[PDB]
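Enquirer: Dumping the structure here so I can ask a few things about it.
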Amino acid sequence: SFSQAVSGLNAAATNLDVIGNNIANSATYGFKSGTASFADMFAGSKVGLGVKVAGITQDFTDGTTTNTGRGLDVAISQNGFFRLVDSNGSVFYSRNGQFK
Amino acid sequence: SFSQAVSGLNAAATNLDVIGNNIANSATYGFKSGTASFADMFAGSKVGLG
Amino acid sequence: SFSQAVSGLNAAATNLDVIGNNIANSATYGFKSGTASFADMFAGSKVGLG
Amino acid sequence: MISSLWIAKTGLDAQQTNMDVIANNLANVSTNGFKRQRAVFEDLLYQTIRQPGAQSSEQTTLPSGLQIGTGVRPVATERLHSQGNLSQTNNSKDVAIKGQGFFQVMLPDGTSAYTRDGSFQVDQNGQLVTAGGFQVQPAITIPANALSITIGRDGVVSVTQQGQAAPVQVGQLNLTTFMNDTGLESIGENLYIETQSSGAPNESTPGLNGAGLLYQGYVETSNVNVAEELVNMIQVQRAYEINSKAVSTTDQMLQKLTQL
Amino acid sequence: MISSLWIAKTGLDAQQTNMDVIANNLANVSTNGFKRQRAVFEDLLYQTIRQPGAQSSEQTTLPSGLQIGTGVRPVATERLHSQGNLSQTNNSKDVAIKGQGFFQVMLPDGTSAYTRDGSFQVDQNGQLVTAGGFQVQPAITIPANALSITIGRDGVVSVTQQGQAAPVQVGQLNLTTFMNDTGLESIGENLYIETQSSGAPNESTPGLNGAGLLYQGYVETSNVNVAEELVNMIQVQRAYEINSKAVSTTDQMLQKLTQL
Amino acid sequence: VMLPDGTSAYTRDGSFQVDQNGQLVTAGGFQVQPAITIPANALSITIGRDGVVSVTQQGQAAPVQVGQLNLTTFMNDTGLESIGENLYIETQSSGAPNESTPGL
Amino acid sequence: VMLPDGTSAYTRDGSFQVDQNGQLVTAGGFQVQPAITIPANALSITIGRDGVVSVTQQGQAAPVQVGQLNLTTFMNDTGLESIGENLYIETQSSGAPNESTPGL
Amino acid sequence: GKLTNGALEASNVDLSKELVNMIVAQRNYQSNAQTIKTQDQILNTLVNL
């Protein structure tokens with residue numbers, strides 16, 4: 001009966017780990033809190049194989065804007081992103097507004 | 001899995017140092033205020049690392 | 001059975017935030033005061049679910 | 001090689017199955033839209049040395065016969081389709097169903113399944129899909145540049161466009177009810193399919209024909225009672241230990257018989 | 001001396017190797033840049049008393065034959081080159097590598113080893129050497145009267161002297177990758193060397209061709225999780241006890257046979 | 001799995017490694033029959049629910065398929081001769097294997 | 001149980017396999033007389049308390065009846081002549097078999 | 001959305017929500033870990049006989 005329990009043990013650890021991540025990234029500017037979701041798995045019927053992580057979703061509710069002064073910063077009121085490029089040619093999308 | 005908390009504690013304590021330095025160095029004529037900046041990290045899976 | 005306590009805390013927190021919003025928006029010209037209204041839930045059997 | 005040994009083995013297997021189902025129920029306590037499992041057994045056959053109520057003479061009958069059991073047999077590990085608590089999330093793309101029914105889902109092979117956990121996402125094509133890539137059977141497609149998505153008490157779902165000063169309906173989420181909800185065989189990822197135990201599913205609008213109601217922003221938690229799973233575990237452990245004691249006693253008596 | 005005894009001996013040896021691997025993983029839970037190892041087994045041959053699918057008659061075939069296993073053999077003990085976590089050590093000469101790749105190093109005899117460590121120090125002559133006396137192959141040297149050493153996100157590393165009001169570039173920290181990182185054989189003092197299982201090393205600047213990136217002032221911790229190691233210890237202990245009990249049963253059976 | 005002599009065996013043991021050529025071989029040095037060749041400079045390797053196997057590379061902003069993992073079923077899997085290292089070879093008691101994509 | 005030479009034999013040890021053609025056979029290649037044939041790629045097999053047997057396909061939600069598993073009784077079971085392969089043959093002491101559906 | 005000069009976003013993380021969820025998560029881990037201990041003793045009793 002270790003197989004059912006060990007999988008459940010890992011699932012609880014992952015849920016706890018994500019909570020720690022959401023609680024450590026506080027006061028970060030371009031950050032959206034994330035939560036994990038699970039889903040059971042049965043081989044056939046009457047047999048249980050435990051539980052597996054069904055992906056981690058992020059809640060994209062916009063945060064409260066702050067009047068940090070300065071001139072080289074900007075916050076997007078509604079849905080949207082900034083498009084950023086690396087020297088290698090990759091494309092990265094960000095929500096943070098710290099510019100220098 | 002202490003990597004989440006130990007990274008957070010260092011960031012939080014560093015913020016106290018910056019705030020403490022700013023309030024301590026008040027009334028200094030040639031003084032410009034400072035402020036920290038954070039950024040999350042992701043190494044492997046979607047779960048954050050602090 | 002943490003569902004009721006969790007729901008109660010969230011409901012209590014929402015009331016406090018709305019009250020904070022109303023007092024913070026004082027001395028604003030075009031503003032109408034806000035207020036939150038609650039409602040109980042029942043889906044099981046004669047026991048409040050929050 | 002002994003009837004007592006075989007009976008004790010059957011008892012040990014029954015207790016092992018009970019412990020396994022308890023462990024499985026305890027494992028996914030945080031899984032949304034999860035209905036716990038209860039295992040039910042039954043007594044096995046009986047060997048009748050003397051027929052009960054036998055005609056012992058011309059005018060007298062045996063008050064009770066002589067029967068020896070052959071152990072226990074697990075009937076089935078059924079799933080209790082109870083009602084779970086509705087949490088609070090304040091999201092826009094997740095709906096909780098309060099009452100009875102299921103959401104219909106089109107599996108990749110082509111068949112259809114039914115789910116109880118409402119937490120929908122949007123694929124790159126813009127249609128409403130659940131966590132796992134499966135798209136909803138009525139194929140509700142969310143148009144781009146959508147300001148907000150609202151879902152009413154009934155199945156009607158509308159989306160507020162950029163302008164037009166009025167929301168526009170985009171589809172309807174009919175839900176399907178069954179007759180033998182506990183007869184649906186379960187596959188992974190919170191899915192159910194129908195068999196002969198459950199009747200032919202009937203789809204209907206929410207709030208009619210005994211169907212439930214759709215609440216936006218909530219989620220249906222698991223109906224696992226961890227407060228009593230522990231005491232059930234204690235009882236299971238004690239029963240298993242006592243059956244092991246019975247096996248040990250049988251072994252000891254066999255040894256001290258063959259030591260002649 | 002008997003088949004069951006030999007099978008149980010092989011099982012005991014396999015469990016002993018598993019326990020040793022678990023102990024070794026747990027011992028260096030704090031070593032920087034350590035990659036854990038996992039043991040993989042596979043069962044040995046089978047003696048076929050009756051050939052499966054044999055032609056028993058003119059038309060009847062055996063649905064299944066008679067085969068007896070010979071035991072279990074530990075095929076391999078492989079490193080798991082996952083991505084370790086990073087910490088804030090706050091040293092100017094500490095570098096962490098995110099992604100995949102290795103820092104090259106030169107052994108005293110002359111060959112080249114590869115490492116994942118980042119605790120870089122300076123020898124007495126001003127050459128960038130690692131903990132142990134080995135020096136990096138590209139032969140990067142740090143001049144005296146150096147104020148600060150800054151290592152960029154890519155391989156460029158610069159130093160600042162007292163004056164000149166501008167940094168001066170010293171060298172490039174190219175890193176090498178392999179087709180099969182798992183095939184590298186480990187040696188002492190946290191090093192890896194090329195073998196036939198892994199492909200010929202390919203050297204590149206960080207950030208190109210799938211190579212990782214360098215972060216200054218960080219250090220990479222071992223990829224060992226203490227949570228599951230304890231449950232693995234429990235399971236391996238139970239398996240070892242079961243195998244020992246099987247040995248005891250075989251010995252008792254043989255003794256009762258020869259008591260005649 | 002293709003044995004070195006030329007014949008084919010079957011297995012359920014999921015533990016895949018890559019040789020120096022990038023081929024997806026099982027633990028032991030035997031390559032899978034469809035010969036899925038994992039390319040170098042691979043940022044990540046993903047295997048879907050079906051047989052599709054894709055690799056996310058440095059650029060091109062899109063995973064690229066490098067093969068597929070079909071699996072073969074038998075009419076009667078009990079009657080399979082069992083050689084060592086987790087391999088089975090088809091016999092007369094088990095019909096000719098039929099390959100298929102996963103999930104169908 | 002149908003013997004290879006053509007005669008019929010009766011047994012009680014229920015431990016069945018599946019041949020390469022799907023015929024429900026016992027351990028030893030002897031096939032059951034009512035010829036219970038299991039179609040290929042069957043998800044699972046369910047035998048009711050009575051003599052009915054049905055397999056399930058994928059994406060059908062309707063088990064298909066494949067045959068009827070009748071069992072024969074005797075006037076005197078003690079009179080059956082036991083042979084090897086764990087089988088019994090009828091004799092003159094025991095009457096002719098009268099095959100009947102289970103439960104009746 | 002409409003941009004705004006001289007502004008930055010918060011973290012949209014509610015400490016009240018996160019702290020209580022940590023209490024619930026910890027109990028779930030212990031309850032699961034209780035099963036492993038129970039299963040070990042079930043096997044332990046059987047081995048000793």
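Within each chain, counting starts at residue 1; across the structure tokens, chains are named A, B, ... in the order shown, with ligands numbered 1 upward in that order.
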Which residues come within 9 Å of residue 5 of chain B, counting only C-alpha atoms, excluding same-chain residues fewer than 2 positions away, as a JSON list (two decimals) with N, CA, C and O atoms, in the first residue's frame?
Expert:
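Heads up, here's the output in result-v7.json:
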[["chain", "number", "residue", "atom", "x", "y", "z"],
["A", 20, "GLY", "N", 4.67, 27.89, -0.44],
["A", 20, "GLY", "CA", 5.89, 28.58, -0.05],
["A", 20, "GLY", "C", 6.39, 29.52, -1.12],
["A", 20, "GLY", "O", 6.87, 30.61, -0.83],
["A", 21, "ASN", "N", 6.27, 29.10, -2.39],
["A", 21, "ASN", "CA", 6.68, 29.97, -3.48],
["A", 21, "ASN", "C", 5.80, 31.22, -3.55],
["A", 21, "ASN", "O", 6.30, 32.33, -3.75],
["A", 23, "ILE", "N", 4.29, 32.58, -1.14],
["A", 23, "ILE", "CA", 4.48, 33.39, 0.06],
["A", 23, "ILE", "C", 5.86, 34.03, 0.11],
["A", 23, "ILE", "O", 6.05, 34.99, 0.86],
["A", 24, "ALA", "N", 6.81, 33.53, -0.67],
["A", 24, "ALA", "CA", 8.14, 34.12, -0.73],
["A", 24, "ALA", "C", 8.25, 35.20, -1.79],
["A", 24, "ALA", "O", 8.98, 36.18, -1.59],
["B", 1, "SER", "N", 12.86, 20.74, 1.62],
["B", 1, "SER", "CA", 12.54, 21.79, 0.66],
["B", 1, "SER", "C", 12.59, 23.16, 1.31],
["B", 1, "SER", "O", 11.62, 23.92, 1.26],
["B", 2, "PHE", "N", 13.72, 23.48, 1.93],
["B", 2, "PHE", "CA", 13.90, 24.77, 2.58],
["B", 2, "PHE", "C", 14.32, 25.86, 1.61],
["B", 2, "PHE", "O", 14.43, 27.02, 2.03],
["B", 3, "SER", "N", 14.54, 25.53, 0.34],
["B", 3, "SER", "CA", 15.03, 26.52, -0.62],
["B", 3, "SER", "C", 14.05, 27.67, -0.79],
["B", 3, "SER", "O", 14.47, 28.80, -1.09],
["B", 7, "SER", "N", 15.46, 31.45, 0.77],
["B", 7, "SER", "CA", 15.56, 32.51, -0.22],
["B", 7, "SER", "C", 14.66, 33.68, 0.14],
["B", 7, "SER", "O", 15.05, 34.85, -0.02],
["B", 8, "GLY", "N", 13.46, 33.40, 0.63],
["B", 8, "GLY", "CA", 12.56, 34.47, 1.03],
["B", 8, "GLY", "C", 13.06, 35.24, 2.23],
["B", 8, "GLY", "O", 12.96, 36.47, 2.28],
["B", 9, "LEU", "N", 13.61, 34.54, 3.23],
["B", 9, "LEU", "CA", 14.10, 35.21, 4.42],
["B", 9, "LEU", "C", 15.24, 36.16, 4.10],
["B", 9, "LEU", "O", 15.28, 37.29, 4.61],
["B", 10, "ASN", "N", 16.17, 35.74, 3.24],
["B", 10, "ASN", "CA", 17.27, 36.61, 2.86],
["B", 10, "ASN", "C", 16.76, 37.85, 2.14],
["B", 10, "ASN", "O", 17.25, 38.96, 2.37],
["B", 50, "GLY", "N", 11.74, 30.25, -5.18],
["B", 50, "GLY", "CA", 12.00, 31.39, -4.33],
["B", 50, "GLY", "C", 12.21, 32.67, -5.10],
["B", 50, "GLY", "O", 11.90, 32.79, -6.29]]
Enquirer: Taking only C-alpha atoms into account, produce a table as CSV in which each residue of chain A with an atom at most 8 Å from an atom of chain D appears once, together with its shortest atom pair and the distance in Å to one decimal, ordered by chain and rising number.
Expert:
residue,atom,partner,partner_atom,distance
A:1,CA,D:20,CA,6.0
A:4,CA,D:24,CA,5.8
A:5,CA,D:27,CA,6.0
A:7,CA,D:27,CA,7.5
A:8,CA,D:27,CA,4.5
A:9,CA,D:27,CA,7.4
A:37,CA,D:31,CA,7.3
A:38,CA,D:31,CA,5.4
A:39,CA,D:189,CA,5.0
A:40,CA,D:189,CA,5.4
A:41,CA,D:188,CA,3.7
A:42,CA,D:188,CA,4.9
A:43,CA,D:187,CA,6.7
A:44,CA,D:187,CA,6.4
A:45,CA,D:186,CA,6.0
A:46,CA,D:77,CA,5.6
A:48,CA,D:24,CA,6.3
A:49,CA,D:24,CA,7.8
A:50,CA,D:24,CA,6.0
A:51,CA,D:28,CA,6.0
A:54,CA,D:131,CA,7.2
A:55,CA,D:131,CA,8.0
A:59,CA,D:91,CA,7.9
Enquirer: Within 10 Å of chain F, which residues of chain A show up when using only C-alpha atoms, listed as a PyMOL selection string?
Expert: chain A and resi 88-91
Enquirer: Please identify all residues of chain E having at least one atom at most 6 Å from any atom of chain F, considering only C-alpha atoms, and return them as a PyMOL selection string.
Expert: chain E and resi 42-45+53+63-64+179-180+197-199+209-210
Enquirer: How close is chain B to chain C in C-alpha RMSD after a least-squares fit, all Cα atoms in order?
Expert: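 The root-mean-square deviation of C-alpha positions is 0.4 Å.
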Enquirer: Which is closest to chain H among D:12, D:1, D:157, D:95, if we use only C-alpha atoms?
Expert: D:12
Enquirer: Could you check the closest approach to residue 39 of chain C for each of C:6, C:11, C:24, C:16 and tell me which residue wins, using only C-alpha atoms?
Expert: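 Closest to residue 39 of chain C, using only C-alpha atoms: C:11.
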Enquirer: Compile the residues of chain D that lie within 10 Å of chain C, evaluated using only C-alpha atoms, and express the compilation as a PyMOL selection string.
Expert: chain D and resi 82-88+98-99+221+224-227
Enquirer: Please identify every residue of chain D that has at least one atom no farther than 12 Å from an atom of chain E, counting only C-alpha atoms, and for each give the shortest atom pair and the distance in Å to one decimal, arranged by chain then increasing number, as a Markdown table.
Expert:
| residue | atom | partner | partner_atom | distance |
| --- | --- | --- | --- | --- |
| D:255 | CA | E:256 | CA | 11.6 |
| D:258 | CA | E:256 | CA | 11.4 |
| D:259 | CA | E:256 | CA | 10.7 |
Enquirer: Might you pull out every residue within 7 Å of segment 97-101 of chain G, with only C-alpha atoms counted and same-chain residues fewer than 4 positions away left off, and present them as number ranges by chain?
Expert: G: 51, 70-74
Enquirer: Can you write just those residues out, N, CA and C atoms, as an mmCIF file, in the first residue's frame?
Expert:
data_model
loop_
_atom_site.group_PDB
_atom_site.id
_atom_site.type_symbol
_atom_site.label_atom_id
_atom_site.label_comp_id
_atom_site.auth_asym_id
_atom_site.auth_seq_id
_atom_site.Cartn_x
_atom_site.Cartn_y
_atom_site.Cartn_z
ATOM 1 N N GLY G 51 -24.470 -19.022 -16.553
ATOM 2 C CA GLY G 51 -23.533 -19.449 -17.567
ATOM 3 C C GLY G 51 -23.188 -18.433 -18.630
ATOM 4 N N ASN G 70 -22.278 -23.727 -20.139
ATOM 5 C CA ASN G 70 -23.044 -24.739 -19.426
ATOM 6 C C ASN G 70 -22.117 -25.734 -18.742
ATOM 7 N N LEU G 71 -22.618 -26.345 -17.672
ATOM 8 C CA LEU G 71 -21.909 -27.402 -16.972
ATOM 9 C C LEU G 71 -22.835 -28.594 -16.789
ATOM 10 N N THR G 72 -22.270 -29.791 -16.906
ATOM 11 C CA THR G 72 -23.031 -31.031 -16.901
ATOM 12 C C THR G 72 -22.946 -31.699 -15.538
ATOM 13 N N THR G 73 -24.056 -32.291 -15.108
ATOM 14 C CA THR G 73 -24.131 -33.029 -13.857
ATOM 15 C C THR G 73 -24.303 -34.512 -14.148
ATOM 16 N N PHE G 74 -24.181 -35.323 -13.101
ATOM 17 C CA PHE G 74 -24.266 -36.767 -13.236
ATOM 18 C C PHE G 74 -25.178 -37.345 -12.166
#
Enquirer: Which residues, written as an MDAnalysis selection string, have at least one atom at most 8 Å from segment 77-86 of chain A, with only C-alpha atoms counted and residues fewer than 3 positions away on the same chain left out?
Expert: (chainID A and resid 62 89:95) or (chainID H and resid 1:4)
Enquirer: Pull N, CA, C and O atoms from the residues just selected and write them as a PDB file, in the first residue's frame.
Expert:
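Result file is selection25.pdb:
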ATOM      1  N   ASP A  62      -4.982  41.274 -12.023  1.00  0.00           N
ATOM      2  CA  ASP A  62      -4.045  42.382 -11.918  1.00  0.00           C
ATOM      3  C   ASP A  62      -3.946  42.875 -10.480  1.00  0.00           C
ATOM      4  O   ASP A  62      -4.929  42.910  -9.739  1.00  0.00           O
ATOM      5  N   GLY A  89      18.034  36.391 -29.769  1.00  0.00           N
ATOM      6  CA  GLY A  89      16.888  36.393 -30.653  1.00  0.00           C
ATOM      7  C   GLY A  89      15.625  35.793 -30.077  1.00  0.00           C
ATOM      8  O   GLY A  89      14.603  35.767 -30.773  1.00  0.00           O
ATOM      9  N   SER A  90      15.657  35.313 -28.838  1.00  0.00           N
ATOM     10  CA  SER A  90      14.461  34.771 -28.218  1.00  0.00           C
ATOM     11  C   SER A  90      13.491  35.891 -27.859  1.00  0.00           C
ATOM     12  O   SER A  90      13.858  37.065 -27.771  1.00  0.00           O
ATOM     13  N   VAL A  91      12.233  35.512 -27.652  1.00  0.00           N
ATOM     14  CA  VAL A  91      11.171  36.448 -27.308  1.00  0.00           C
ATOM     15  C   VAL A  91      10.634  36.084 -25.932  1.00  0.00           C
ATOM     16  O   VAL A  91      10.221  34.942 -25.705  1.00  0.00           O
ATOM     17  N   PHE A  92      10.636  37.053 -25.025  1.00  0.00           N
ATOM     18  CA  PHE A  92      10.140  36.865 -23.674  1.00  0.00           C
ATOM     19  C   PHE A  92       9.092  37.924 -23.371  1.00  0.00           C
ATOM     20  O   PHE A  92       9.238  39.089 -23.747  1.00  0.00           O
ATOM     21  N   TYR A  93       8.033  37.509 -22.683  1.00  0.00           N
ATOM     22  CA  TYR A  93       6.931  38.393 -22.332  1.00  0.00           C
ATOM     23  C   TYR A  93       6.917  38.588 -20.826  1.00  0.00           C
ATOM     24  O   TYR A  93       7.001  37.617 -20.070  1.00  0.00           O
ATOM     25  N   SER A  94       6.814  39.842 -20.397  1.00  0.00           N
ATOM     26  CA  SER A  94       6.919  40.183 -18.989  1.00  0.00           C
ATOM     27  C   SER A  94       5.819  41.158 -18.601  1.00  0.00           C
ATOM     28  O   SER A  94       5.267  41.877 -19.435  1.00  0.00           O
ATOM     29  N   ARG A  95       5.512  41.165 -17.305  1.00  0.00           N
ATOM     30  CA  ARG A  95       4.550  42.091 -16.732  1.00  0.00           C
ATOM     31  C   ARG A  95       5.199  43.160 -15.869  1.00  0.00           C
ATOM     32  O   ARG A  95       4.555  44.175 -15.581  1.00  0.00           O
TER      33      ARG A  95
ATOM     34  N   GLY H   1      -4.941  46.931 -22.495  1.00  0.00           N
ATOM     35  CA  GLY H   1      -5.251  47.898 -21.467  1.00  0.00           C
ATOM     36  C   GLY H   1      -4.534  49.219 -21.676  1.00  0.00           C
ATOM     37  O   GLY H   1      -3.678  49.382 -22.546  1.00  0.00           O
ATOM     38  N   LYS H   2      -4.907  50.189 -20.846  1.00  0.00           N
ATOM     39  CA  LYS H   2      -4.323  51.520 -20.919  1.00  0.00           C
ATOM     40  C   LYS H   2      -3.108  51.610 -20.005  1.00  0.00           C
ATOM     41  O   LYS H   2      -3.172  51.224 -18.834  1.00  0.00           O
ATOM     42  N   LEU H   3      -2.003  52.119 -20.542  1.00  0.00           N
ATOM     43  CA  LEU H   3      -0.792  52.265 -19.752  1.00  0.00           C
ATOM     44  C   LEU H   3      -0.926  53.429 -18.775  1.00  0.00           C
ATOM     45  O   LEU H   3      -1.803  54.287 -18.901  1.00  0.00           O
ATOM     46  N   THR H   4      -0.039  53.446 -17.782  1.00  0.00           N
ATOM     47  CA  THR H   4      -0.015  54.503 -16.779  1.00  0.00           C
ATOM     48  C   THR H   4       1.433  54.813 -16.438  1.00  0.00           C
ATOM     49  O   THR H   4       2.172  53.925 -16.006  1.00  0.00           O
TER      50      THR H   4
END
Enquirer: Residues at most 10 Å from residue 64 of chain A, counting only C-alpha atoms, excluding those fewer than 4 positions away in the same chain, as an NGL selection string?
Expert: (:A and (29 or 75 or 77)) or (:H and (7-12))
Enquirer: May I have the selected residues written with C-alpha atoms, as an mmCIF file, in the first residue's frame?
Expert:
data_model
loop_
_atom_site.group_PDB
_atom_site.id
_atom_site.type_symbol
_atom_site.label_atom_id
_atom_site.label_comp_id
_atom_site.auth_asym_id
_atom_site.auth_seq_id
_atom_site.Cartn_x
_atom_site.Cartn_y
_atom_site.Cartn_z
ATOM 1 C CA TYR A 29 6.169 43.622 -8.872
ATOM 2 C CA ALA A 75 1.916 49.520 -15.257
ATOM 3 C CA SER A 77 -4.255 48.594 -16.246
ATOM 4 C CA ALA H 7 3.411 53.216 -11.617
ATOM 5 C CA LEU H 8 4.149 49.590 -10.761
ATOM 6 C CA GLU H 9 2.037 46.543 -9.954
ATOM 7 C CA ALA H 10 1.762 44.692 -6.657
ATOM 8 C CA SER H 11 2.206 40.933 -6.225
ATOM 9 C CA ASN H 12 -1.544 40.085 -6.057
#
Enquirer: Define the interface residues of chain H facing chain E as those within 10 Å, counting only C-alpha atoms, and report them as a PyMOL selection string.
Expert: chain H and resi 33+36-37+40+43-44+46-48
Enquirer: Applying 12 Å and only C-alpha atoms, which residues near residue 19 of chain C remain after dropping the ones on its own chain fewer than 5 positions away? List them as a PyMOL selection string.
Expert: chain C and resi 12-14+24-26+33-36
Enquirer: DSSP says strand (DSSP E or B) for which residues of chain A? Put them as a list in words?
Expert: residues 34, 35, 36, 37, 38, 39, 40, 51, 52, 53, 54, 55, 56, 57, 58, 66, 73, 74, 75, 76, 82, 83, 84, 85, 91, 92, 93, 94 and 98 of chain A
Enquirer: Go ahead and save the residues from that selection, with N, CA and C atoms, as an mmCIF file, in the first residue's frame.
Expert:
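Once everything was written out, this is out-v9.cif:
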data_model
loop_
_atom_site.group_PDB
_atom_site.id
_atom_site.type_symbol
_atom_site.label_atom_id
_atom_site.label_comp_id
_atom_site.auth_asym_id
_atom_site.auth_seq_id
_atom_site.Cartn_x
_atom_site.Cartn_y
_atom_site.Cartn_z
ATOM 1 N N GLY A 34 0.402 31.579 -8.151
ATOM 2 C CA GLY A 34 0.096 30.326 -8.809
ATOM 3 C C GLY A 34 -0.391 29.287 -7.819
ATOM 4 N N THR A 35 -1.270 28.407 -8.294
ATOM 5 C CA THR A 35 -1.800 27.312 -7.498
ATOM 6 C C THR A 35 -1.742 26.025 -8.308
ATOM 7 N N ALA A 36 -1.627 24.906 -7.602
ATOM 8 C CA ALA A 36 -1.544 23.597 -8.225
ATOM 9 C C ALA A 36 -2.885 22.882 -8.134
ATOM 10 N N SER A 37 -3.149 22.023 -9.115
ATOM 11 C CA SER A 37 -4.367 21.230 -9.145
ATOM 12 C C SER A 37 -4.019 19.774 -9.412
ATOM 13 N N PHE A 38 -4.791 18.875 -8.811
ATOM 14 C CA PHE A 38 -4.537 17.448 -8.887
ATOM 15 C C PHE A 38 -5.661 16.753 -9.644
ATOM 16 N N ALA A 39 -5.463 15.459 -9.885
ATOM 17 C CA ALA A 39 -6.457 14.639 -10.565
ATOM 18 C C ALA A 39 -6.157 13.179 -10.276
ATOM 19 N N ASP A 40 -7.186 12.423 -9.904
ATOM 20 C CA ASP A 40 -7.003 11.019 -9.573
ATOM 21 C C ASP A 40 -6.719 10.208 -10.835
ATOM 22 N N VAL A 51 -2.601 9.531 -6.926
ATOM 23 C CA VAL A 51 -2.949 10.837 -7.470
ATOM 24 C C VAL A 51 -1.708 11.420 -8.129
ATOM 25 N N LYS A 52 -1.927 12.251 -9.142
ATOM 26 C CA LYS A 52 -0.845 12.915 -9.847
ATOM 27 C C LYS A 52 -1.160 14.396 -9.970
ATOM 28 N N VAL A 53 -0.110 15.203 -10.090
ATOM 29 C CA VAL A 53 -0.290 16.638 -10.261
ATOM 30 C C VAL A 53 -0.795 16.902 -11.672
ATOM 31 N N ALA A 54 -1.900 17.642 -11.780
ATOM 32 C CA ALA A 54 -2.521 17.938 -13.065
ATOM 33 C C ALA A 54 -2.164 19.322 -13.586
ATOM 34 N N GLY A 55 -0.948 19.780 -13.344
ATOM 35 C CA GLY A 55 -0.528 21.078 -13.825
ATOM 36 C C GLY A 55 -0.708 22.161 -12.780
ATOM 37 N N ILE A 56 0.061 23.234 -12.929
ATOM 38 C CA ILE A 56 0.019 24.376 -12.025
ATOM 39 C C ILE A 56 -0.515 25.565 -12.808
ATOM 40 N N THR A 57 -1.596 26.158 -12.319
ATOM 41 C CA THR A 57 -2.218 27.301 -12.970
ATOM 42 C C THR A 57 -1.916 28.579 -12.199
ATOM 43 N N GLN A 58 -1.862 29.685 -12.932
ATOM 44 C CA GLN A 58 -1.540 30.989 -12.369
ATOM 45 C C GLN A 58 -2.738 31.915 -12.512
ATOM 46 N N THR A 66 0.952 51.102 -7.710
ATOM 47 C CA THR A 66 1.594 51.909 -6.683
ATOM 48 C C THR A 66 2.249 53.125 -7.320
ATOM 49 N N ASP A 73 8.919 54.020 -15.685
ATOM 50 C CA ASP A 73 8.145 52.863 -15.259
ATOM 51 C C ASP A 73 6.724 53.011 -15.781
ATOM 52 N N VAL A 74 6.029 51.882 -15.879
ATOM 53 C CA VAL A 74 4.673 51.869 -16.415
ATOM 54 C C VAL A 74 3.999 50.573 -15.994
ATOM 55 N N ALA A 75 2.721 50.669 -15.642
ATOM 56 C CA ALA A 75 1.916 49.520 -15.257
ATOM 57 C C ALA A 75 0.691 49.430 -16.156
ATOM 58 N N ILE A 76 0.380 48.219 -16.603
ATOM 59 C CA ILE A 76 -0.727 47.994 -17.528
ATOM 60 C C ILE A 76 -2.003 47.808 -16.718
ATOM 61 N N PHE A 82 4.263 43.086 -21.927
ATOM 62 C CA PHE A 82 5.367 43.718 -22.631
ATOM 63 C C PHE A 82 6.150 42.654 -23.382
ATOM 64 N N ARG A 83 6.620 42.996 -24.574
ATOM 65 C CA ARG A 83 7.388 42.071 -25.394
ATOM 66 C C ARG A 83 8.868 42.404 -25.263
ATOM 67 N N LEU A 84 9.656 41.427 -24.823
ATOM 68 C CA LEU A 84 11.083 41.599 -24.605
ATOM 69 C C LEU A 84 11.860 40.612 -25.461
ATOM 70 N N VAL A 85 13.032 41.043 -25.920
ATOM 71 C CA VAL A 85 13.891 40.237 -26.776
ATOM 72 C C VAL A 85 15.255 40.106 -26.115
ATOM 73 N N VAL A 91 12.233 35.512 -27.652
ATOM 74 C CA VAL A 91 11.171 36.448 -27.308
ATOM 75 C C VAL A 91 10.634 36.084 -25.932
ATOM 76 N N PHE A 92 10.636 37.053 -25.025
ATOM 77 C CA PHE A 92 10.140 36.865 -23.674
ATOM 78 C C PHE A 92 9.092 37.924 -23.371
ATOM 79 N N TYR A 93 8.033 37.509 -22.683
ATOM 80 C CA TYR A 93 6.931 38.393 -22.332
ATOM 81 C C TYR A 93 6.917 38.588 -20.826
ATOM 82 N N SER A 94 6.814 39.842 -20.397
ATOM 83 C CA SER A 94 6.919 40.183 -18.989
ATOM 84 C C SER A 94 5.819 41.158 -18.601
ATOM 85 N N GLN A 98 9.990 47.706 -14.389
ATOM 86 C CA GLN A 98 11.233 48.358 -13.991
ATOM 87 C C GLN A 98 12.101 48.526 -15.231
#
Enquirer: Please measure the separation of atom CA of residue 205 of chain E and atom CA of residue 53 of chain F, giving the value in Å to one decimal.
Expert: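 If I compute the distance from atom CA of residue 205 of chain E to atom CA of residue 53 of chain F, I get 28.3 Å.
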Enquirer: Any idea what's packed within 12 Å of residue 33 of chain G, counting only C-alpha atoms, ignoring anything in its chain fewer than 5 positions away? Could you give it as an MDAnalysis selection string?
Expert: chainID G and resid 1:4 6:11 23:26 67:72 99
